[PDB]
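Let's start with one chain on its own, the form deposited in one PDB entry, as structure tokens.
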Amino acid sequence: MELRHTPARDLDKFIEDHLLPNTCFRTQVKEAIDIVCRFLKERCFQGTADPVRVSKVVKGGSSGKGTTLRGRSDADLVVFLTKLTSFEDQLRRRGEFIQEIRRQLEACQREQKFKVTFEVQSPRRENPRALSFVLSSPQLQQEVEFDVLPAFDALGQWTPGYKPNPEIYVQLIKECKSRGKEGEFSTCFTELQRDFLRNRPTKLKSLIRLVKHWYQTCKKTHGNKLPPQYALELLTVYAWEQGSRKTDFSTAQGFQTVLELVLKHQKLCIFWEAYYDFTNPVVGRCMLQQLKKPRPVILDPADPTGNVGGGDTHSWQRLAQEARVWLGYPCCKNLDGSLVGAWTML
């Protein structure tokens, strides 16, 4: 149903129905990306003086956009380029890469056959330049629009289980410190962001998708004022990693634990040592710089410089106000009419 009234007794039955993505549509999209990824690497540039080439194409974060309930989703597709001198190059040469990618993307639409409907958008308005392509399957009425975000390849060839070279983060921090603008290069580390949320248990990933939709429902109210969606995703992971650590758990317990953290934002300092740590002196100091920043501070596991949900303390206040309202909703309330309760952090 609406889910404002969806009780806490079941919860999952709502996630399994409305929230769960189409299995058939995903498979079609994943294949379409593989066609494009394999297309861009070969086609882009080539027969060209400049050694810069497309190394890989990775899908980034995605958020279901409410229309009926879930009718559509917006995702980010990061195109990695090589032979760039610095991280800043992806910002300056962005317009140069936007044209080369768009040129072959249109050519890919003509030459390559797809199962879904490949849609290359017209030049985008209300934005400085912008680009995107839409993948839709009218049979299932599923639609997704990918925003192409060109980025330098920092990791090069990287596989899960391997901690990235600390030297890479050193170059990132030194360049982010001098030129300013902390956390703009997070797109290069997208592989680590996906790998962070991919290996999570099924019940947790379903919980995250529940939190994802909660964010979108409030996003059509307060607008862009609220913090980035990535903050809520990492916060859900933190709620599970602390005190629970169970394969099977209650969604009502977790959803309650996440909402109470939104109100605790001023008390929240969170960071992950997954892809980096204090072994390197340069990385260590920069990591301590972020921890002493005004709360809430959620440190991007893939981006030691990048602070998710930071820079605005009134963003979380607007979020905490609506988080307080949803606490009064039956969503968190069980059969008794009382609260299900949060997770013990012991």
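Numbers for residues come from their place in the sequence shown, where the first is 1.
> Relative to the other PDB entries of this protein in the set, is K115 coordinate-less in at least a third?
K115: modelled in every other compared entry.
> Is it the case that at least a third of the other compared entries omit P294, given both of its neighbours are modelled there?
Negative; every one of those entries includes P294.
> On mean C-alpha B-factor from the PDB entry, just flag whether 157-165 or 213-221 is the higher one.
The deposited B-factors put 213-221 ahead on the C-alpha mean.
> Out of 282-290 and 57-65, which one has CA B-factors that are higher on average in the deposited record?
Per the PDB entry, the higher value belongs to 57-65.
> Out of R295, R43, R318, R26, which residue has the highest Cα temperature factor in the PDB record?
Going by the entry's C-alpha B-factors, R318 comes out highest.
> Tell me which of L140, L235, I101, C188 tops the list for C-alpha B factor in the record.
Of the options given, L140 has the highest CA B-factor in the PDB entry.
> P201's Cα B-factor: lowest, middle or highest third of the chain?
Middle third, going by the recorded CA B-factors of the chain.
> Taking the values exactly as deposited, rank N307 by C-alpha B-factor within its chain and report the matching third: lowest, middle or highest.
It belongs to the middle third of the chain when residues are ordered by C-alpha B-factor.
> Lowest, middle or highest third: where is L207 by C-alpha B factor in its chain?
Ranked within chain, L207 CA B lands in the middle tercile.
> Comparing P150 with the other modelled residues of its chain, is its CA B-factor in the lowest, middle or highest third?
Its C-alpha B-factor belongs to the lowest third of this chain's values.
> Please rank the C-alpha B-factors of the chain's modelled residues and tell me whether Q229 sits in the lowest, middle or highest third.
Ranked within chain, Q229 CA B lands in the lowest tercile.
Beyond the structure shown, there is the form solved in complex with a small molecule, which is absent from this document and is the topic of what follows.
> Even though the partner isn't displayed, in the deposited complex is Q229 close enough to the small molecule, meaning a heavy atom within 4.5 Å?
Yes, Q229 lies within 4.5 Å of the small molecule in the deposited complex.
> Might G61 be said to contact the small molecule in the deposited complex, defining contact as any heavy atom within 4.5 Å?
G61 belongs to the contact set for the small molecule.
> Report whether the minimum heavy atom distance between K212 and the small molecule in the deposited complex is within 4.5 Å.
Heavy-atom contact with the small molecule at 4.5 Å: present for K212.
> Is the gap between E106 and the small molecule in the deposited complex 4.5 Å or less for some heavy atom pair?
Residue-level check for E106: no, no contact with the small molecule.
> Among the candidate stretches 68-76, 133-141, 260-268, 155-163, which one is within 4.5 Å of the small molecule in the deposited complex when only heavy atoms are counted?
Of the stretches listed, the one contacting the partner is 68-76.
> Judged by heavy atoms and a 4.5 Å cut-off, are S186, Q193 and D300 together in contact with the small molecule in the deposited complex?
Per the other structure, all of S186, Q193 and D300 touch the small molecule.
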